[PDB]
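Chains as they are written, first to last, in the entry's author numbering: chain B, 114 to 275, 285 to 483, 499 to 590; chain A, 114 to 274, 285 to 462, 467 to 483, 494 to 590; chain D, 114 to 273, 285 to 400, 404 to 457, 500 to 556; chain H, 114 to 274, 285 to 342, 346 to 433, 440 to 456, 500 to 556.
Idealized CB from N, CA, C, for every residue including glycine.
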Amino acid sequence: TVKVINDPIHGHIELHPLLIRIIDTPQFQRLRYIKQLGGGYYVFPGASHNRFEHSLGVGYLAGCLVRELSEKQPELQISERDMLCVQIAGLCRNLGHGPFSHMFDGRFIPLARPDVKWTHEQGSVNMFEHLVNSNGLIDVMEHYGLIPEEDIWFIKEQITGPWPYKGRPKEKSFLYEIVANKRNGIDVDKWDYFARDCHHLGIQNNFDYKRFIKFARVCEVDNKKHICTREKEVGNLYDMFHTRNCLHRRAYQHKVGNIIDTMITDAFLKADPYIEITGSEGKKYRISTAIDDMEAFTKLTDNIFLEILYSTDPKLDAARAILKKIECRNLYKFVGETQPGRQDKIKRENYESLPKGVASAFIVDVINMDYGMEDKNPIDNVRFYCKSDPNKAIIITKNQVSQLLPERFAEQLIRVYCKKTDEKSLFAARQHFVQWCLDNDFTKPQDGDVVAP
Amino acid sequence: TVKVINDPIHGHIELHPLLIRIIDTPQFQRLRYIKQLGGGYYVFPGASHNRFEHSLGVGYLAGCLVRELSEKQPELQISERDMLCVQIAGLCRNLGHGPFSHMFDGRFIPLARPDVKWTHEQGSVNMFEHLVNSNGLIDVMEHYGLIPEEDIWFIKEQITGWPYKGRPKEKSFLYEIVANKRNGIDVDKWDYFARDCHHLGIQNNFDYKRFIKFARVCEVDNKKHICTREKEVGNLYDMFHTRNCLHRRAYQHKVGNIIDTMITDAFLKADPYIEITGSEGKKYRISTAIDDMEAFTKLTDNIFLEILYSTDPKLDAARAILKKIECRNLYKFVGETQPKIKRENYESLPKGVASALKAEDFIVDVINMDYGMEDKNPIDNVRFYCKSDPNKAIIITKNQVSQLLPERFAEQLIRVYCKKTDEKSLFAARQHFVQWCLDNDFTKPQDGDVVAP
Amino acid sequence: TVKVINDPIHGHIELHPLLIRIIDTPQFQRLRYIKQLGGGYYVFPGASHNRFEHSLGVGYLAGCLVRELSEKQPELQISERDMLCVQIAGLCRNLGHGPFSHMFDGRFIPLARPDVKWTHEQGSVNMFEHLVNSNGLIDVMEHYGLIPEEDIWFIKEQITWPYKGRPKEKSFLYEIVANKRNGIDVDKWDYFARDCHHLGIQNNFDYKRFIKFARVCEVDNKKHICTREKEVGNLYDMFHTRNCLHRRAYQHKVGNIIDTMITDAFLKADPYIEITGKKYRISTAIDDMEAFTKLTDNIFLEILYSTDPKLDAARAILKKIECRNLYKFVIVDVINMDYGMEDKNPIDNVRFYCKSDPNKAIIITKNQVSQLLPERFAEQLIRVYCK
Amino acid sequence: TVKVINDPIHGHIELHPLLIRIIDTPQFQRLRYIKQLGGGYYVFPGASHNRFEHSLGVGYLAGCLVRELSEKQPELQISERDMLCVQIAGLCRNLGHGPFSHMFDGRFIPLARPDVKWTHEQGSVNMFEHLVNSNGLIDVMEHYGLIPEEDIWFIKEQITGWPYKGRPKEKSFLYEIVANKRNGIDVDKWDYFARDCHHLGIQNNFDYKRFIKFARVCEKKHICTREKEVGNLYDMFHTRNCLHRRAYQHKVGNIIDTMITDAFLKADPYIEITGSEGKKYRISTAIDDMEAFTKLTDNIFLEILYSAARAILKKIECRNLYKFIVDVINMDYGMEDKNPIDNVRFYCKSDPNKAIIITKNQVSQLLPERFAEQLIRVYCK
Ligand SMILES: Nc1nc2c(ncn2[C@H]2C[C@H](O)[C@@H](COP(=O)(O)OP(=O)(O)OP(=O)(O)O)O2)c(=O)[nH]1
Ligand SMILES: Nc1nc2c(ncn2[C@H]2C[C@H](O)[C@@H](COP(=O)(O)OP(=O)(O)OP(=O)(O)O)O2)c(=O)[nH]1
Ligand SMILES: Nc1nc2c(ncn2[C@H]2C[C@H](O)[C@@H](COP(=O)(O)OP(=O)(O)OP(=O)(O)O)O2)c(=O)[nH]1
Ligand SMILES: Nc1nc2c(ncn2[C@H]2C[C@H](O)[C@@H](COP(=O)(O)OP(=O)(O)OP(=O)(O)O)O2)c(=O)[nH]1
Ligand SMILES: Nc1nc2c(ncn2[C@H]2C[C@H](O)[C@@H](COP(=O)(O)OP(=O)(O)OP(=O)(O)O)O2)c(=O)[nH]1
Ligand SMILES: Nc1nc2c(ncn2[C@H]2C[C@H](O)[C@@H](COP(=O)(O)OP(=O)(O)OP(=O)(O)O)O2)c(=O)[nH]1
Ligand SMILES: Nc1nc2c(ncn2[C@H]2C[C@H](O)[C@@H](COP(=O)(O)OP(=O)(O)OP(=O)(O)O)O2)c(=O)[nH]1
Ligand SMILES: Nc1nc2c(ncn2[C@H]2C[C@H](O)[C@@H](COP(=O)(O)OP(=O)(O)OP(=O)(O)O)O2)c(=O)[nH]1
Ligand SMILES: Nc1nc2c(ncn2[C@H]2C[C@H](O)[C@@H](COP(=O)(O)OP(=O)(O)OP(=O)(O)O)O2)c(=O)[nH]1
Ligand SMILES: Nc1nc2c(ncn2[C@H]2C[C@H](O)[C@@H](COP(=O)(O)OP(=O)(O)OP(=O)(O)O)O2)c(=O)[nH]1
Ligand SMILES: Nc1nc2c(ncn2[C@H]2C[C@H](O)[C@@H](COP(=O)(O)OP(=O)(O)OP(=O)(O)O)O2)c(=O)[nH]1
Ligand SMILES: Nc1nc2c(ncn2[C@H]2C[C@H](O)[C@@H](COP(=O)(O)OP(=O)(O)OP(=O)(O)O)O2)c(=O)[nH]1
Ligand SMILES: [Mg+2]
Ligand SMILES: [Mg+2]
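Following this line, the structure appears as structure tokens:
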């Protein structure tokens with residue numbers, strides 16, 4: 114039987130009986146304890162939402178777009194079984210996030226295991242594989258019309274990727299642009315967190331996903347089939363990446379929200395050698411090794427935070443000290459923000475040297506602000522059709538749309554912090570950063586003249 | 114200085130430096146890990162908000178109402194010291210909640226320690242005393258112009274409640300703001316109306332900004348009260364009608380309440396085997412952690428995941444229940460009915480359903506749906522002024538308002554669940570329930586004619 | 114081809130090319146000049162929305178409910194042209210409204226010509242009949258697959285075995301646009317959400333949830349639109365919403381008195397205001416649908432801007448409105506706030522089903538749901554105003 | 114006594130009794146029959162709102178901002194006399210809008226009278242003069258604490274423009300509330316961002332309440351904001367440049383405006399409006415006499431319809453519109512080719528009195544390179 118879910122973002126959403134079987138498992142319900150925005154909840158009190166409700170919304174929107182394409186284009190021969198496999202990927206595309214979401218795979222793991230190749234996409238299919246086997250859903254998928262081996266491949270291909287695709291013929295290549303669009307990034311995962319993060323933080327979203335769906339249409343281009351949209355909508359697609367970039371500077375890359383994220387990783391790193399997570403077959407794992415056993419990664423949620431804080435173990439005292447610094451709001455003071463050049467951008471291989479560089483002129502964080510396609514324009518990977526010939530998809534260049542569009546599509550930001558809260562330190566630390574920007578020929582800080590003339 | 118918090122409900126809300134230092138403590142930040150709606154999150158996935166964000170809203174609304182009374186009528190001589198003490202009562206009104214909020218003081222504590230009378234108001238004031246002492250704010254309150262002796266009584270009286288000694292009877296109206304014991308119209312209700320509806324996806328039929336625009340203090344019976352105008356008695360009836368919809372739609376959802384029941388069941392079977400530490404290092408159980416604040420500070424929803432991830436063979440009976448929740452193998456709801468059943472009789476109804494599948498196979502949940510004051514109309518304890526003489530507080534009775542208002546103001550619902558889930562057990566459980574309704578002469582189940590012909 | 118319309122209430126709605134042709138006629142486009150709430154705009158400044166956009170939503174919701182029923186239940190033989198006809202009636206349910214809506218058919222005509230019995234429903238079928246004939250569109254309806262003689266009668270029957289539009293096997297399609305049996309129809313769901321959003325008030329009925337659980341059931345050998353056991357408390361709240369909108373906005377004592385002053389201004393201006404090939408007055412424009420087309424809220428400002436001394440008494444009263452010299456609230502106004510069916514309970518006309526057998530309709534009584542529900546369901550109010 | 118008005122945008126707003134007396138006049142209530150977005154209503158159904166509702170919001174926000182600065186900076190000597198004059202200027206900066214707002218003074222009047230020089234501010238000050246004299250409010254303005262000679266001049270200067288004769292340069296920051304000429308950050312923009320989006324069904328991307336919480340006056347004197355809000359200030363001009371692209375310059379919406387100019391230009395010969403002493407004015411001439419301009423609303427559109441010009445309106449009601500006439504549209508941040516943030520000063524949390532200049536390079540590189548552009552549309556009649 115179909116179940117219904119009331120959602121503040123999408124309203125009542127219908128779930129296939131198989132979708133419910135995937136939801137009501139420990140590997141999915143785990144997501145109720147991973148916060149979407151990690152440390153951003155300690156700056157925006159409304160961002161209490163977790164990965165679980167986000168996953169439901171991505172599965173709903175995937176089903177919405179995949180159904181509009183089949184209803185408007187029966188030529189595509191999209192089957193109910195394709196739609197279902199599309200909805201499973203949208204639900205399971207978030208399975209592989211770790212504690213506090215982008216803090217785990219973007220800070221902690223890069224610091225604890227510098228040479229491991231790890232992303233949440235990889236974790237999502239590793240966890241999805243453990244979800245199906247550990248709950249006996251192979252038979253369940255057969256009962257609802259799915260052919261597992263091919264479809265298990267197809268689902269995992271939407272989440273991560275690799285005509286290199288084994289799960290679906292190239293004649294249905296457009297199904298891979300719904301859940302996780304590797305070609306341009308216009309996927310159902312962005313549309314849900316645009317609306318769900320703005321709802322919870324209390325900021326404004328400037329992209330209407332429903333209007334986009336009404337004009338979505340598969341077109342052939344360069345002998346392959348892509349998802350295209352109308353030419354009259356090219357302006358709002360630019361505004362979708364302007365929405366996403368505006369969402370990052372306000373909330374995701376909030377300097378206080380990020381310094382709280384760095385403090386949690388540093389506490390996690392200091393608690394790493396002493397926290398024991400029981401994995402598969404009784405084996406024990408650290409925080410940085412739980413990603414190797416899915417049975418242990420299941421039990422690696424935000425509970426680690428309170429486990430460290432509510433602890434009595436003397437070995438956890440140093441990690442507990444950093445969390446106590448957070449609950450008392452004694453945080454590292456933000457001293458300034460600057461920008462390098464495109465050609466003078468700092469490489470990740472040099473990140474470990476900069477606090478030494480500013481002291482000779499400390500916490501330095503480097504954030505890269507791009508439209509998704511590194512320094513490339515994502516819209517140039519989008520094709521557009523006219524109302525007189527819906528099968529001819531043309532290229533709309535940036536100069537054809539507007540002269541007010543961004544000159545560049547990627548940039549880098551350098552935030553500097555100081556661990557000493559002394560008024561004399563915060564003054565002296567600000568003096569180093571201002572001279573550090575003049576020496577390295579970086580851009581002038583906004584508060585530069587008042588704190589240091 | 115002052116800080117500004119962005120809130121999805123109230124927007125940018127400014128907080129006095131003393132309020133900032135009150136919330137930046139482990140006993141306040143503890144509220145970030147208490148689900149506002151408890152088990153409702155497992156039915157309404159948008160209900161992930163915690164007590165922390167609710168506390169700031171109540172304190173901000175407390176400040177809006179007392180700031181309007183002060184500005185409109187200088188006659189009352191409301192001081193900044195008074196307005197600060199009201200906001201402090203708004204923030205700390207929720208400090209006394211336990212894991213999953215109303216589950217703790219309404220289900221677990223009654224069954225774990227039936228001898229002791231415990232409320233979250235008693236908890237909030239006890240937690241408030243521990244908050245100011247552990248963080249040494251008695252000197253900070255003195256710094257911002259407060260008199261700790263008298264004001265801490267005043268802060269505590271607003272929470273718990285001429286019996287008061289923290290304020291003279293001339294300021295009696297300041298006790299109707301944070302926790303109105305007289306009629307229930309308080310700023311704590313306005314925030315959870317708007318905040319819960321935002322997250323649940325439910326509609327709210329009450330406007331507090333309009334009420335505040337007409338709030339005015341008048342004398343009657345030589346005592347001063349907060350009153351609103353003639354024209355607002357209709358909106359005041361809907362405020363308690365809204366509260367009843369939020370209780371019927373969400374807070375007393377049949378599936379959300381059974382999930383709360385199972386978390387209590389799991390808690391009571393885990394209560395003897397888990398230790399919480401605090402005050403002078405003594406160990407405390409879940410049920411006895413209310414006797415000490417240093418232990419109760421570390422008693423949050425984290426208890427759920429510690430039981431679920433536990434390795435102890437002494438915790439399987441409790442871990443078994445929580446995994447029935449994770450896989451959603453819940454007790455099946457059999458039916459709803461209506462009669467008054469004394470709380471002392473609650474324990475006896477399970478054996479009564481079986482007499483019409495042993496007694497333990499049933500669970501009977503009695504809910505008292507009222508308007509806040511048992512069977513009394515709260516509007517009868519509200520005074521109204523008119524535009525001609527704004528200083529005379531008249532009385533509007535239910536007949537003068539409307540004839541479509543409720544007849545009574547208190548009813549009880551009874552829900553029957555069965556711990557057996559097979560098709561044969563559910564059938565017999567449905568038959569017992571319908572017969573049990575005749576044996577005691579209850580209201581006819583809605584589906585009885587279809588389920589038990 | 115299909116056009117999409119961005120509406121602030123329903124978002125982007127798609128309209129079949131036939132419905133676009135009906136929209137683009139003078140008889141539908143004139144509804145851009147009929148205030149939905151009439152005299153409420155002079156008390157709630159947000160309610161500037163007209164009848165035009167209200168109609169686009171009643172027919173959008175009409176398509177939504179009819180299409181959900183055919184997809185869940187192909188056993189009903191709901192054709193794609195059944196759904197076009199249900200949509201048409203939703204759009205044209207509002208064609209027969211006069212200047213300022215409830216000001217016209219609710220007060221003005223009852224005093225101007227007490228002999229006639231005039232309703233906006235009876236105005237809709239005549240304006241619709243004029244609409245199809247004056248634009249030569251019985252041509253286009255057969256082009257998109259409809260049989261006019263039966264389908265047109267079907268459309269009008271929904272506005273106003286008795287029916288001849290369709291047989292008792294399709295008896296549930298008459299419960300969508302104008303539900304005469306309990307009042308649960310798409311018309312209410314739109315102005316609930318549309319008036320609330322413009323007035324600044326709060327709606328408390330979720331219509332998208334009611335659609336998710338709607339299902340037809342054979343009751344008394346007749347097919348009826350039903351809902352689930354669990355949605356009965358939300359039905360009581362639906363009429364409770366409708367009542368709040370009347371007590372807060374629709375029957376606001378200052379908003380009603382402004383409507384009454386516009387009636388008095390139209391009454392005194394009635395014999396001297398001529399609308400054209405005969406000539407018609409405001410009171411007789413209802414008798415010629417070619418005149419009712421040119422009879423909108425513009426009739427208000429044509430009196431206010433005139434200079435003929437014959438209309439001075441009428442203009443002196445619209446001069447009293449623009450300077451807010453209104454009748455002091457102490500003209501006697503009687504208001505009957507019911508549940509849409511006189512003193513009856515509409516829930517006693519609603520059937521429900523269970524999960525166990527989703528084909529067994531059953532009646533749920535008030536004593537079964539909640540004991541805190543109203544005692545009565547109709548109620549009268551008396552107000553007097555000093556001229 | 115005070116009156117409260119419930120609003121879909123701002124909620125319950127309180128209005129001084131002197132404000133109510135300005136509202137309850139024929140020259141202000143006229144704005145109930147001037148739709149704010151003109152022809153965008155025939156493309157966006159939800160956009161049925163008029164200038165009247167907008168005018169109440171402009172004055173309410175003009176009152177929020179000035180009252181905010183009163184209570185945080187008493188060193189500015191802001192009086193209840195200044196706050197009243199700002200709110201009046203907020204209410205009356207839209208009095209001089211003709212039928213369908215910008216279709217009248219953007220297309221029709223420049224085409225009907227190429228020699229004339231007409232703007233809606235000129236009308237706003239002229240009809241504000243016509244409002245207080247026709248309704249005898251000069252004795253009521255003085256009764257509520259104002260000095261009518263000096264304050265009127267201040268009210269008409271917040272609308273049009285040390286060259287000011289209503290307030291001294293020691294209070295120059297109050298001309299930056301209603302109609303900012305230095306950079307364009309005024310409460311009028313903030314009201315139509317939220318009120319047009321609400322009705323069009325478009326999304327907004329500027330938080331006006333957050334901007335008010337960080338407003339300070341800094342040394346002349348200009349209104350400044352925190353350094354952390356410069357990014358929100360470009361997105362303010364980006365929000366509204368995005369508002370012009372979707373609704374204000376909608377191709378089918380703009381072509382409807384042009385067809386109503388043509389229908390008005392053809393009906394200008396025979397359009398009769400009675401004016402000052404019974405003298406008849408045309409549509410194109412009712413601006414020279416505020417008695418006639420008072421009665422010049424959207425009513426003329428339906429007056430032509432119910433009467440050669442009736443053919444064009446008939447072509448619009450039947451959607452026989454021109455297919456996608501050459502219209503030129505100027506898209507700018509409000510200051511021609513200039514950059515409005517260069518005329519904005521900022522203060523830090525360190526020295527709140529030291530105003531600083533922030534350049535585009537210090538904010539972000541993903542910002543526009545130019546700040547003006549022009550689009551050319553062609554249509555077939
Ligand atoms: N908007 C709204 N949502 C509701 C309401 N009542 C319950 N819900 C929400 C909670 C769930 O996420 C979702 C489904 O809950 P339901 O009560 O309709 O289904 P439930 O499984 O509890 O009962 P059932 O299996 O159908 O017998 O809708 C309501 O009255 N309004
Ligand atoms: N202090 C504090 N801020 C919170 C909280 N929840 C959300 N927020 C917001 C308000 C702050 O403006 C914002 C930034 O946090 P802080 O101001 O405490 O850190 P910041 O680096 O700005 O140092 P500061 O204290 O302003 O000198 O976090 C909370 O619980 N405590
Ligand atoms: N607090 C915080 N959140 C981030 C950060 N980076 C990404 N996110 C948050 C914002 C969204 O809610 C969500 C989007 O990231 P996801 O992991 O869900 O998907 P994905 O990486 O594909 O995002 P993308 O396609 O690049 O926009 O995570 C960050 O650096 N800090
Ligand atoms: N609506 C909105 N909220 C923001 C924005 N930026 C930050 N916030 C939210 C997060 C906080 O809860 C609150 C305060 O953040 P702020 O950045 O303004 O204060 P913060 O202490 O971090 O900086 P400061 O110490 O004052 O220099 O507002 C924004 O651009 N728009
Ligand atoms: N099954 C399920 N429902 C959820 C979940 N989150 C929110 N909801 C909502 C949808 C459901 O209609 C509603 C009630 O949950 P259930 O239907 O599973 O409880 P119920 O005793 O009615 O089981 P049943 O419908 O007889 O299978 O909660 C979830 O994670 N799993
Ligand atoms: N899930 C759930 N939430 C409840 C229940 N009872 C109360 N609440 C929730 C709804 C509100 O968000 C919030 C209000 O309860 P509080 O204890 O915080 O305030 P209070 O004691 O004053 O209740 P009152 O104002 O009299 O309704 O807790 C319940 O039985 N189940
Ligand atoms: N939400 C939203 N609505 C828009 C936008 N642009 C126009 N509209 C609204 C106005 C209409 O009610 C509806 C249709 O607008 P369109 O420009 O897409 O239709 P149009 O017939 O003018 O273009 P077409 O004939 O298909 O080339 O959507 C937009 O950017 N966002
Ligand atoms: N006076 C006036 N009220 C308006 C207007 N627009 C919306 N409203 C609302 C605010 C008022 O509280 C409400 C009632 O109108 P009035 O107060 O003017 O009439 P009322 O019978 O209450 O006479 P009153 O002056 O209060 O003794 O209309 C307007 O333009 N002028
Ligand atoms: N200002 C005002 N509006 C009214 C009044 N009575 C009805 N309406 C308005 C409010 C709604 O927007 C709308 C609803 O009634 P309709 O004219 O659309 O038709 P109908 O009689 O079928 O509605 P109903 O079934 O009675 O709820 O008309 C009234 O007495 N005064
Ligand atoms: N949000 C909301 N607005 C209302 C309500 N009732 C009336 N209004 C709106 C209409 C007006 O624009 C505004 C104030 O009008 P009121 O009806 O409260 O006062 P009114 O002048 O008519 O009576 P009064 O002169 O004070 O005796 O609020 C309500 O229940 N909720
Ligand atoms: N339908 C339509 N509206 C326009 C057009 N140009 C401007 N507007 C409308 C959009 C806004 O609601 C409103 C904004 O302009 P205002 O008349 O309120 O004043 P102003 O010229 O100072 O606007 P600004 O400060 O430059 O943004 O006028 C247009 O070309 N077509
Ligand atoms: N045709 C029409 N469009 C409306 C109406 N109300 C709002 N809109 C919107 C939907 C349209 O996509 C948009 C543009 O209008 P049209 O499509 O009719 O003119 P257009 O030049 O695009 O010619 P077209 O038929 O699309 O080739 O106006 C209406 O009543 N009729
Ligand atoms: Mg009806
Ligand atoms: Mg301007």
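Boundaries of the alpha helix (DSSP H) in which residue i is found, first to last residue
i: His167 (chain D); result: 164-185
Extent of the continuous beta strand (DSSP E) to which residue i belongs
i: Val501 (chain B); result: 500-507
i: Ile126 (chain A); result: 124-128
Residue from the options whose Cα sits closest to the Cα of residue i
i: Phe363 (chain H); options: H:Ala389, H:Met254, H:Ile516; result: H:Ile516
i: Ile382 (chain B); options: B:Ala418, B:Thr351, B:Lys447; result: B:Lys447
heavy atom of ligand 4 below 8 Å from residue i C-beta
i: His125 (chain A); result: yes
Interface partners of residue i on chain H, CB under 7 Å
i: residue 566 (chain D); result: Look at the range of chain D in this structure, 114 to 556, and you will see that residue 566 (chain D) is not part of it.
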